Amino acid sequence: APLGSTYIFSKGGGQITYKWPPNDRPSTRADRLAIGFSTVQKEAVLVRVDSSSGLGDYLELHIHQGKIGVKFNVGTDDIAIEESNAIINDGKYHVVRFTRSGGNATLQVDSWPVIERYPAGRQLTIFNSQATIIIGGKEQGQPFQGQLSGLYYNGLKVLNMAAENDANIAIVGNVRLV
């Protein structure tokens, strides 16, 4: 189960935001995103990384009809991958792992088979000018309720950073440490 900081998200919702310095936003050709979670929800946004580049690039981990999935867009089309079978909303700890290299991507939950997505046609490869990581909710999305831990995004252990009141972190709403 979890290592390090855990946040509980209670009814009504809350959101932790990591905001990169505006003159030092990363653009990446490959990404790794993982998070640990426990919940009984059927619909929730867990994590979303948004860009400031006006190109619309994004990466989102969410639960839909009780199943964990990823949707992302690095410039071409919206790519959606769902782990359609793993039970993830039994209130027990689960880990979801996402990777991307260019336009290709994988998703895996727990010890279930890795899902490998190789989209057809022209694909862009850079996740441009990443501006914010939002955790536990988003504008136009349904807020997470449960516990989140072990958020790793391209090397950043975001929830541990939140736990020490990193200066790039903001926390709002109904969410608290452990």
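Start at 1 and count along the sequence shown; that's the residue number.
Of the two segments, 52-60 and 106-114, the one listed with the higher mean B-factor is 52-60 (C-alpha atoms only).
Mean C-alpha B-factor is higher over 121-129 than over the other stretch, the pair under comparison being 121-129 and 32-40. Residue 99: CA B factor in the lowest third of modelled residues in this chain (values from the PDB entry). In the deposited entry, the Cα temperature factor of residue 154 sits in the middle third of values across the chain's modelled residues. In this PDB entry, the Cα temperature factor of residue 165 sits in the top third of its chain's modelled residues, the highest group.
In the deposited entry, the Cα temperature factor of residue 15 places it in the middle third of its chain's modelled residues.
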